[PDB]
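To keep things clear, I will list the structure first and then write my remarks on it.
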């Protein structure tokens with residue numbers, strides 16, 4: 287569409303974040319996003335975001351410990 | 240269905256607050272009597288505060304629906320459906336997308352990151368299940384965060400996959416690592432548009448349309464070079480066609496049962512065309528020596544017999560002269576037993601092509617060999654800049670345009686090569 | 002195959018529960034055939050009529066569009082209605098595409114593309130009830146494929162939990178099926194009818210017996 291002259295709006299329902307267009311809701315798409323999920327999944331996400339574990343073409347897993355890559 | 244007691248437990252679990260008329264609920268009047276909820280905390284359906292109307296339950300399609308008397312928009316409708324497993328539903332939905340398939344080889348192929356990949360020592364199915372969780376409904380998304388549940392879904396997917404399919408069926412499509420190029424007109428499918436083509440191989444590099452254009456000096460000087468190689472001379476009038484055809488047949492995906500030999504003298508760009516073709520193809524193009532053609536390939540180990548698996552074209556050169564006494568001439572039995580459509593699931597479509605500077609000699613000759621002998625020769629006799658052009662490989666797409674045009678002229682009408690028994 | 006043969010005449014029953022003998026003899030008071038313009042003119046002239054769409058001969062031409070109906074006895078707000086219908090379309094399209102790839106031998110991607118390309122919505126004037134019929138314009142299929150798809154759709158309706166999905170009335174995949182014409186009264190003394198949507202203003206898109214391959 288073009289610029290969505292009607293402003294968007296936010297809501298929370300059952301722990302899910304919902305985005306919808308005000309005015310005519312049929313002129314856009316309503317989106318839903320989960321909030322947190324599992325705690326261990328969040329820990330895995332945080333660990334992966336540090337780029338400390340990598341996968342090579344050969345199939346190896348390399349980690350960054352004590353200022354050195356090892357496998 | 241399930242026992243009524245499990246249903247009562249489920250509806251009681253649905254509502255956070257307690258039920259004061261639970262004892263009044265029976266198996267024969269559970270859809271008529273209203274239920275009164277002790278509203279000490281907001282209900283899970285809608286927060287609000289202290290609903291003043293009792294709710295009610297209805298049984299349709301093997302599901303229990305909760306609806307609040309009065310205005311319907313006050314409280315959200317809740318449904319307890321499908322007394323049964325949820326992970327089976329998730330496995331069904333995942334299989335419905337045709338993202339995982341089974342092949343006769345015994346392994347599975349998975350569609351990840353716009354690529355078909357198969358590998359039997361890693362859990363690709365679990366990776367697919369984790370990745371595809373966004374396309375599923377919200378309530379199914381949080382169910383796949385536990386690895387044990389992912390293993391259960393993977394087991395369900397494995398059990399419900401009985402039929403087997405065969406990959407690499409269309410010989411008229413050349414795969415890339417990020418899509419598939421087509422031979423009918425020369426336009427590049429990208430993304431899910433290439434999903435229908437079950438391709439398990441790739442050229443190893445991107446395809447970009449910017450260099451695949453016609454108005455540029457690069458391929459103009461490319462035809463300049465090839466005219467320096469194959470000029471439009473009467474002596475080449477018979478050669479050109481077949482030569483062009485052979486190059487275009489380098490791109491074909493069907494099995495090749497016809498040999499192709501190039502005869503010429505030293506310093507005659509015959510080795511240069513190897514580089515022009517290999518830069519144009521990539522990893523699919525493969526080299527070979529004289530070790531395998533003159534030796535029995537069915538005796539002892541042969542890594543090349545395993546290696547040609549889904550190779551696109553194979554090139555043989557630097558052949559020593561076989562006319563010398565004591566030099567072991569070629570074995571035509573080999574040249575018979577690679578021309579078959581399969582050399592133990594050895595799917596083979598690599599075009600055999602040979603550059604030699606000597607007249608071949610055969611131990612024994614019949615109609616069969618001469619029926620599948622084709623010969624082509626080159627006519628001219651130094652520009653080192655094009656060598657750098659090839660090493661840094663800016664001349665790919667300009668050359669594949671010539672292959673595609675030649676394929677249009679010759680191979681689109683029919684997939685067939687015409688040999689020349691004359692020599 | 003069919004090629005030139007394209008259905009354009011609208012066959013209509015003017016009363017539910019027509020006698021069989023009257024149907025075989027083409028009773029003018031129970032059985033009729035209009036065109037698109039004729040049908041809209043007939044509807045416009047008589048707003049109290051009861052017209053019901055069905056086929057005439059199933060042994061010669063049985064090419065129709067893919068139709069299902071939904072009915073929840075619960076009013077819902079707008080945004081949840083949009084989410085429910087989008088989940089409905091994605092589920093049903095994926096399911097029928099899988100069925101076509103498996104049993105019909107078709108190709109999944111073009112089926113999902115054609116079915117997600119265009120679709121029409123209806124609505125009911127009732128304030129406590131939400132019922133609607135969806136018809137897919139660029140999908141064509143025979144009767145036997147539909148009765149085979151009946152079992153698949155019924156397990157899908159049992160399996161899912163979305164409120165719009167659980168109301169798939171599976172019985173409409175039967176021999177000699179009939180569907181109420183949109184904008185027409187159901188009962189002689191009932192004011193509840195169906196209304197159009199802004200996306201589609203043409204009645205030809207609301208009839209499944211009209212076949213026009215583009």
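Chains as they are written, first to last, in the deposited numbering: chain A, 287 to 357; chain F, 240 to 582, 592 to 629, 651 to 692; chain E, 2 to 215.
Every residue, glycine too, gets a C-beta built ideally from N, C-alpha and C.
Rounded to a whole number of angstroms, what is the C-alpha to C-alpha distance between residue i and residue j?
i: residue 40 (chain E); j: residue 135 (chain E); result: 20 Å
i: residue 413 (chain F); j: residue 38 (chain E); result: 51 Å
i: residue 445 (chain F); j: residue 124 (chain E); result: 49 Å
i: residue 264 (chain F); j: residue 354 (chain F); result: 56 Å
i: residue 365 (chain F); j: residue 389 (chain F); result: 6 Å
i: residue 424 (chain F); j: residue 454 (chain F); result: 17 Å
i: residue 194 (chain E); j: residue 330 (chain F); result: 40 Å
i: residue 357 (chain F); j: residue 85 (chain E); result: 36 Å
i: residue 438 (chain F); j: residue 407 (chain F); result: 5 Å
i: residue 19 (chain E); j: residue 60 (chain E); result: 20 Å
i: residue 671 (chain F); j: residue 212 (chain E); result: 45 Å
i: residue 553 (chain F); j: residue 544 (chain F); result: 12 Å
i: residue 142 (chain E); j: residue 184 (chain E); result: 25 Å
i: residue 652 (chain F); j: residue 687 (chain F); result: 34 Å
i: residue 654 (chain F); j: residue 517 (chain F); result: 18 Å
i: residue 542 (chain F); j: residue 110 (chain E); result: 39 Å
i: residue 563 (chain F); j: residue 608 (chain F); result: 12 Å
i: residue 31 (chain E); j: residue 411 (chain F); result: 57 Å
i: residue 187 (chain E); j: residue 127 (chain E); result: 13 Å
Verify whether the separation of the beta carbon atoms of residue i and residue j is less than 7 Å.
i: residue 166 (chain E); j: residue 89 (chain E); result: yes
i: residue 556 (chain F); j: residue 603 (chain F); result: yes
i: residue 338 (chain F); j: residue 367 (chain F); result: yes
i: residue 309 (chain A); j: residue 292 (chain A); result: yes
i: residue 160 (chain E); j: residue 169 (chain E); result: no
i: residue 10 (chain E); j: residue 209 (chain E); result: no
i: residue 182 (chain E); j: residue 56 (chain E); result: no
i: residue 171 (chain E); j: residue 154 (chain E); result: yes
i: residue 684 (chain F); j: residue 493 (chain F); result: yes
i: residue 560 (chain F); j: residue 606 (chain F); result: yes
i: residue 428 (chain F); j: residue 419 (chain F); result: yes
i: residue 323 (chain A); j: residue 384 (chain F); result: yes
i: residue 514 (chain F); j: residue 659 (chain F); result: yes
i: residue 133 (chain E); j: residue 116 (chain E); result: no
Any idea if residue i is buried or exposed, counting beta-carbon neighbours within 10 angstroms, 16 or more meaning buried?
i: residue 528 (chain F); result: exposed
i: residue 54 (chain E); result: buried
i: residue 335 (chain F); result: buried
i: residue 164 (chain E); result: buried
i: residue 508 (chain F); result: buried
i: residue 345 (chain F); result: exposed
i: residue 298 (chain A); result: exposed
i: residue 283 (chain F); result: exposed
i: residue 426 (chain F); result: exposed
i: residue 350 (chain A); result: exposed
i: residue 244 (chain F); result: exposed
i: residue 487 (chain F); result: buried
i: residue 13 (chain E); result: buried
i: residue 266 (chain F); result: exposed
i: residue 499 (chain F); result: buried
Quick one: measure Cβ to Cβ for residue i and residue j, integer angstroms, because I've assumed they're closer than 8 Å.
i: residue 580 (chain F); j: residue 621 (chain F); result: Actually they are not in contact, since the Cβ atoms of residue 580 (chain F) and residue 621 (chain F) sit about 20 Å apart, beyond 8 Å.
i: residue 118 (chain E); j: residue 139 (chain E); result: 6 Å
i: residue 495 (chain F); j: residue 681 (chain F); result: So it is not a contact: roughly 17 Å between Cβ atoms.
i: residue 256 (chain F); j: residue 241 (chain F); result: The pair is not a contact, with the Cβ atoms about 24 Å apart (cut-off 8 Å).
i: residue 377 (chain F); j: residue 320 (chain A); result: 7 Å
i: residue 317 (chain F); j: residue 253 (chain F); result: 6 Å
i: residue 576 (chain F); j: residue 582 (chain F); result: 7 Å
Determine the DSSP secondary structure at residue i, reduced to helix, strand or coil.
i: residue 625 (chain F); result: strand
i: residue 181 (chain E); result: strand
i: residue 2 (chain E); result: coil
i: residue 322 (chain F); result: coil
i: residue 65 (chain E); result: strand
i: residue 461 (chain F); result: helix
i: residue 409 (chain F); result: coil
i: residue 351 (chain F); result: strand
i: residue 414 (chain F); result: strand
i: residue 304 (chain F); result: strand
i: residue 213 (chain E); result: coil
i: residue 603 (chain F); result: strand
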